[PDB]
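To start, the structure under review is shown below, and the notes come after it.
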Amino acid sequence: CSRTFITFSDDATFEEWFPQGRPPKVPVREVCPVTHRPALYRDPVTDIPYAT
Amino acid sequence: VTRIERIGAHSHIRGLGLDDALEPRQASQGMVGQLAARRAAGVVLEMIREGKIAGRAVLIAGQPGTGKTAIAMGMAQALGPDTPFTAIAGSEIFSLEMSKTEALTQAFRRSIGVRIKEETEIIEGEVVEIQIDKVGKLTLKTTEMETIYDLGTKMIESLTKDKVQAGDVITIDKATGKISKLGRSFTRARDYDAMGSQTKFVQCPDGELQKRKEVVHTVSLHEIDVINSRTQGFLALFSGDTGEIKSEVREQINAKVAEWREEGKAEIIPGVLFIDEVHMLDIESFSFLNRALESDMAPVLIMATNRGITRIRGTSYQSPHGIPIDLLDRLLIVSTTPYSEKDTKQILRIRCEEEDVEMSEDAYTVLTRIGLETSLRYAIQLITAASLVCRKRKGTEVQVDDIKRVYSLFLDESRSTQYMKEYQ
Ligand SMILES: Nc1ncnc2c1ncn2[C@@H]1O[C@H](COP(=O)(O)OP(=O)(O)O)[C@@H](O)[C@H]1O
């Protein structure tokens, strides 16, 4: 048989890699109060996600 | 004002003078006489505009000065810029970097047009601010809207390598090339001293920020040069590679053009290849054409030879038109008849009208009688010669005396050979 047993357990920086993010998606349709359409860009002056 | 292309030898040929039924008119747009040869030219021109078949070849044969090149120019001018008309001589193939076969191959591929249409979503607008910390943001602007964009690794790298500043009208496409299209909208007064050679401040765009840019452009099937190297476009302005590998030329480009035509992104448009004075070609080029005309997407050839039964270059065999019979078999020979007293004077009058020379009827008669004894192009040159001799004479209308003055001043081939009795 032939196996692999890489080990770094003398520190926590290794053990910290696996749970790094595990985060889901939360960019959603930023509907605008003009046309209710697939919002395109956020206005840098009003910070509103306008589409049209 | 004088243009680059002033009146020349065949400038009077403003198209092929035929009817809706290919019937040749006696006096038409540039062309005169040669009814049968001109009707044949119109037939082959319709076969061209059709483009349904490939591997056609017509050979116009006749004495020097009967209008072979004239009919060629008429066909060229009647065939608008839509389809390519590659007019090469019979000696433009004897190259040093290219063999006597790759030259014909490139000439063929150059006579096949392809109209490429490309569509792309484009983002264009004035850059208001670029913040970077790596990640950052970009504020594009246009009279219709102002937006925000978050930048990634590659986007930031390209932005920094382009050195786009505030006010620059940046242009960004999907699969970002990041063409810095225009210069600065504001931040002016640099003209106080100087401007970069690439600076074109022209104002910020209007309308919506995102757009769909449909671009159509007509290239040739010789685009293999556009792939045959790392930086390909450069080799398209000079000689380029000695020869592009067949293993790509004849399979890869053809299959990709077929895929483009199937998807509807491009379409091929065959053209014409006019090889003038093809009698200079060696038997090798003829044996090559023998099979090249058998290919799938070859253009139509138009040859113009003035030689009769003569020796074929590279060999000692005499043949009609000085080219092999195995090649003549695959051609379609038209014959041009010599002009008469009626047609010579007509084309001389057309040539006078070209440069607006007011000639008297006696001068026309005398010039026609001269040209029917020596040569046609000789009398054509005599037109301008007498025009100048009379303009220096403080005249307005060329006359018989001014024509005879030029006749005595400038000799022809016949009288020159006659006067060559001294033998130096
Ligand atoms: N049918 C024609 N219509 C108009 N011009 C003609 C015609 N035939 C001859 N010419 C004039 O005579 C000149 C010489 O003819 P060219 O085309 O050189 O003969 P070739 O084709 O045998 O070389 C041309 O420049 C052309 O202007």
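Scheme for the structure tokens: letters A, B, ... for chains in order shown; per-chain residue numbers from 1; ligand numbers from 1 in order shown.
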Select, as a PDB file with N, CA, C and O atoms, in the first residue's frame, those residues of chain A with any atom no more than 10 Å from chain B (distances computed using only C-alpha atoms).
ATOM      1  N   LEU A  40     -28.933  47.732 -12.698  1.00  0.00           N
ATOM      2  CA  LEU A  40     -27.635  47.644 -13.350  1.00  0.00           C
ATOM      3  C   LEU A  40     -26.498  48.215 -12.510  1.00  0.00           C
ATOM      4  O   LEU A  40     -25.512  47.514 -12.265  1.00  0.00           O
ATOM      5  N   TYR A  41     -26.598  49.468 -12.065  1.00  0.00           N
ATOM      6  CA  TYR A  41     -25.457  50.090 -11.403  1.00  0.00           C
ATOM      7  C   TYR A  41     -25.930  51.020 -10.297  1.00  0.00           C
ATOM      8  O   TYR A  41     -26.998  51.629 -10.382  1.00  0.00           O
ATOM      9  N   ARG A  42     -25.105  51.131  -9.259  1.00  0.00           N
ATOM     10  CA  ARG A  42     -25.373  52.031  -8.144  1.00  0.00           C
ATOM     11  C   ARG A  42     -24.834  53.420  -8.459  1.00  0.00           C
ATOM     12  O   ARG A  42     -23.649  53.579  -8.768  1.00  0.00           O
ATOM     13  N   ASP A  43     -25.706  54.415  -8.382  1.00  0.00           N
ATOM     14  CA  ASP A  43     -25.300  55.793  -8.630  1.00  0.00           C
ATOM     15  C   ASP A  43     -24.346  56.254  -7.531  1.00  0.00           C
ATOM     16  O   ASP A  43     -24.704  56.208  -6.350  1.00  0.00           O
ATOM     17  N   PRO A  44     -23.130  56.700  -7.869  1.00  0.00           N
ATOM     18  CA  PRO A  44     -22.183  57.110  -6.818  1.00  0.00           C
ATOM     19  C   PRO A  44     -22.616  58.332  -6.028  1.00  0.00           C
ATOM     20  O   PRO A  44     -22.005  58.614  -4.987  1.00  0.00           O
ATOM     21  N   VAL A  45     -23.635  59.061  -6.470  1.00  0.00           N
ATOM     22  CA  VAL A  45     -24.065  60.282  -5.803  1.00  0.00           C
ATOM     23  C   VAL A  45     -25.324  60.058  -4.975  1.00  0.00           C
ATOM     24  O   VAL A  45     -25.535  60.740  -3.973  1.00  0.00           O
ATOM     25  N   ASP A  47     -26.279  56.606  -4.305  1.00  0.00           N
ATOM     26  CA  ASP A  47     -26.101  55.279  -3.715  1.00  0.00           C
ATOM     27  C   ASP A  47     -27.331  54.402  -3.934  1.00  0.00           C
ATOM     28  O   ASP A  47     -27.633  53.521  -3.126  1.00  0.00           O
ATOM     29  N   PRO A  49     -29.365  51.722  -6.525  1.00  0.00           N
ATOM     30  CA  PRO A  49     -29.074  50.787  -7.634  1.00  0.00           C
ATOM     31  C   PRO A  49     -30.046  50.939  -8.797  1.00  0.00           C
ATOM     32  O   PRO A  49     -31.037  50.217  -8.937  1.00  0.00           O
ATOM     33  N   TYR A  50     -29.758  51.905  -9.666  1.00  0.00           N
ATOM     34  CA  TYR A  50     -30.655  52.201 -10.772  1.00  0.00           C
ATOM     35  C   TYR A  50     -30.398  51.262 -11.949  1.00  0.00           C
ATOM     36  O   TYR A  50     -29.294  50.731 -12.135  1.00  0.00           O
ATOM     37  N   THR A  52     -32.549  51.831 -15.366  1.00  0.00           N
ATOM     38  CA  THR A  52     -32.818  52.509 -16.621  1.00  0.00           C
ATOM     39  C   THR A  52     -31.883  53.703 -16.794  1.00  0.00           C
ATOM     40  O   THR A  52     -31.131  54.079 -15.891  1.00  0.00           O
TER      41      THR A  52
END
Could you give me, as a PyMOL selection string, the residues within 9 Å of residue 57 in chain B, counting only C-alpha atoms and dropping anything in the same chain fewer than 4 positions from it?
chain B and resi 293+299-303+330-333
For N, CA and C atoms, I'd like the residues from the last selection saved as a PDB file, in the first residue's frame.
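Once everything was written out, this is out09.pdb:
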ATOM      1  N   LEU B 293      -7.675  25.459 -60.894  1.00  0.00           N
ATOM      2  CA  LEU B 293      -9.032  25.679 -61.379  1.00  0.00           C
ATOM      3  C   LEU B 293      -9.968  24.540 -60.999  1.00  0.00           C
ATOM      4  N   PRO B 299     -11.389  31.603 -57.625  1.00  0.00           N
ATOM      5  CA  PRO B 299     -12.057  32.701 -58.335  1.00  0.00           C
ATOM      6  C   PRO B 299     -12.133  32.435 -59.828  1.00  0.00           C
ATOM      7  N   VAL B 300     -12.621  33.402 -60.594  1.00  0.00           N
ATOM      8  CA  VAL B 300     -12.657  33.288 -62.047  1.00  0.00           C
ATOM      9  C   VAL B 300     -11.494  34.079 -62.627  1.00  0.00           C
ATOM     10  N   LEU B 301     -10.782  33.457 -63.559  1.00  0.00           N
ATOM     11  CA  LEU B 301      -9.613  34.061 -64.178  1.00  0.00           C
ATOM     12  C   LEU B 301      -9.980  34.759 -65.480  1.00  0.00           C
ATOM     13  N   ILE B 302      -9.335  35.897 -65.716  1.00  0.00           N
ATOM     14  CA  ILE B 302      -9.457  36.635 -66.966  1.00  0.00           C
ATOM     15  C   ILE B 302      -8.052  36.920 -67.477  1.00  0.00           C
ATOM     16  N   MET B 303      -7.676  36.257 -68.565  1.00  0.00           N
ATOM     17  CA  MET B 303      -6.350  36.382 -69.148  1.00  0.00           C
ATOM     18  C   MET B 303      -6.419  37.254 -70.394  1.00  0.00           C
ATOM     19  N   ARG B 330      -9.086  24.100 -70.710  1.00  0.00           N
ATOM     20  CA  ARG B 330      -9.909  24.478 -69.570  1.00  0.00           C
ATOM     21  C   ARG B 330     -10.258  25.963 -69.561  1.00  0.00           C
ATOM     22  N   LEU B 331     -10.059  26.663 -70.677  1.00  0.00           N
ATOM     23  CA  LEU B 331     -10.363  28.088 -70.745  1.00  0.00           C
ATOM     24  C   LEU B 331     -11.597  28.339 -71.597  1.00  0.00           C
ATOM     25  N   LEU B 332     -11.947  29.611 -71.775  1.00  0.00           N
ATOM     26  CA  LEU B 332     -13.043  30.002 -72.652  1.00  0.00           C
ATOM     27  C   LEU B 332     -12.607  31.216 -73.463  1.00  0.00           C
ATOM     28  N   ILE B 333     -12.200  30.989 -74.708  1.00  0.00           N
ATOM     29  CA  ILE B 333     -11.443  31.978 -75.471  1.00  0.00           C
ATOM     30  C   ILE B 333     -12.409  32.935 -76.161  1.00  0.00           C
TER      31      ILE B 333
END
Taking a cut-off of 6 Å and counting only C-alpha atoms and all ligand atoms, can you build a table that, for each residue of chain B near ligand 1, reports the nearest atom pair and how far apart they are in Å (one decimal), sorted by chain then residue number, as a Markdown table?
| residue | atom | partner | partner_atom_place_in_ligand_line | distance |
| --- | --- | --- | --- | --- |
| B:9 | CA | ligand 1 | 25 (O) | 4.3 |
| B:10 | CA | ligand 1 | 25 (O) | 4.4 |
| B:12 | CA | ligand 1 | 27 (O) | 5.8 |
| B:30 | CA | ligand 1 | 4 (C) | 4.8 |
| B:31 | CA | ligand 1 | 3 (N) | 3.1 |
| B:32 | CA | ligand 1 | 1 (N) | 3.2 |
| B:33 | CA | ligand 1 | 1 (N) | 4.7 |
| B:34 | CA | ligand 1 | 1 (N) | 5.8 |
| B:64 | CA | ligand 1 | 22 (O) | 4.1 |
| B:65 | CA | ligand 1 | 22 (O) | 3.5 |
| B:66 | CA | ligand 1 | 22 (O) | 4.0 |
| B:67 | CA | ligand 1 | 21 (O) | 3.3 |
| B:68 | CA | ligand 1 | 21 (O) | 3.1 |
| B:69 | CA | ligand 1 | 21 (O) | 3.6 |
| B:70 | CA | ligand 1 | 17 (O) | 3.7 |
| B:347 | CA | ligand 1 | 5 (N) | 4.9 |
| B:377 | CA | ligand 1 | 14 (C) | 5.3 |
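Between CA of residue 415 in chain B and CA of residue 370 in chain B the interatomic distance comes to 12.3 Å.
Within chain A, residues classed as strand (DSSP E) by DSSP on backbone coordinates are residues 41, 42, 49 and 50 of chain A.
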The selected residues should be written to file as an mmCIF file, in the first residue's frame (atoms: N, CA and C atoms).
data_model
loop_
_atom_site.group_PDB
_atom_site.id
_atom_site.type_symbol
_atom_site.label_atom_id
_atom_site.label_comp_id
_atom_site.auth_asym_id
_atom_site.auth_seq_id
_atom_site.Cartn_x
_atom_site.Cartn_y
_atom_site.Cartn_z
ATOM 1 N N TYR A 41 -26.598 49.468 -12.065
ATOM 2 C CA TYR A 41 -25.457 50.090 -11.403
ATOM 3 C C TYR A 41 -25.930 51.020 -10.297
ATOM 4 N N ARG A 42 -25.105 51.131 -9.259
ATOM 5 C CA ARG A 42 -25.373 52.031 -8.144
ATOM 6 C C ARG A 42 -24.834 53.420 -8.459
ATOM 7 N N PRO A 49 -29.365 51.722 -6.525
ATOM 8 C CA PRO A 49 -29.074 50.787 -7.634
ATOM 9 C C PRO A 49 -30.046 50.939 -8.797
ATOM 10 N N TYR A 50 -29.758 51.905 -9.666
ATOM 11 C CA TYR A 50 -30.655 52.201 -10.772
ATOM 12 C C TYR A 50 -30.398 51.262 -11.949
#
Non-local contacts of residue 379 in chain B (9 Å; only C-alpha atoms; under 3 positions in same chain excluded) as a PyMOL selection string
chain B and resi 348+367-368+370-372+374-376+382-383
Please save C-alpha atoms of the selected residues as a compact mmCIF listing (two decimals), in the first residue's frame.
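Final file, part37.txt:
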# COMPACT_ATOMS: atom_id res chain seq x y z
CA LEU B 348 -10.24 59.02 -80.56
CA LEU B 367 -5.56 61.71 -86.87
CA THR B 368 -7.73 58.69 -87.69
CA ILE B 370 -2.64 58.41 -89.19
CA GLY B 371 -3.64 55.96 -86.46
CA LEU B 372 -5.02 53.44 -88.96
CA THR B 374 0.77 53.26 -87.61
CA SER B 375 -1.02 52.41 -84.36
CA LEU B 376 -3.98 53.36 -82.19
CA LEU B 382 -0.94 62.56 -80.57
CA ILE B 383 -4.20 63.96 -79.16
Run DSSP on the backbone and tell me which residues of chain A come out as alpha helix (DSSP H); list them as a JSON list (two decimals) with N, CA and C atoms, in the first residue's frame.
[["chain", "number", "residue", "atom", "x", "y", "z"],
["A", 12, "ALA", "N", -1.94, 26.52, 14.56],
["A", 12, "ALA", "CA", -3.35, 26.70, 14.23],
["A", 12, "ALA", "C", -3.56, 27.36, 12.87],
["A", 13, "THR", "N", -2.52, 27.97, 12.30],
["A", 13, "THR", "CA", -2.62, 28.56, 10.98],
["A", 13, "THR", "C", -3.00, 27.54, 9.92],
["A", 14, "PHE", "N", -2.56, 26.29, 10.08],
["A", 14, "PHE", "CA", -2.97, 25.24, 9.16],
["A", 14, "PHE", "C", -4.43, 24.87, 9.38],
["A", 15, "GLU", "N", -4.80, 24.58, 10.62],
["A", 15, "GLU", "CA", -6.17, 24.16, 10.91],
["A", 15, "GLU", "C", -7.18, 25.24, 10.55]]
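The protein and nucleic acid residues lying at most 8 Å from residue 48 in chain B are residues 44, 45, 51, 270, 271, 272 and 300 of chain B, with only C-alpha atoms considered and sequence neighbours fewer than 3 positions away removed.
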Residues near residue 363 in chain B, anyone? I mean within 7 Å using only C-alpha atoms, not counting same-chain ones fewer than 5 positions away, as a ChimeraX atom specification.
/B:398-400,403
Give me the residues near residue 123 in chain B as number ranges by chain, where near means some atom within 9 Å (using only C-alpha atoms) and where sequence neighbours in that chain fewer than 3 positions away do not count.
B: 170-174, 209-211
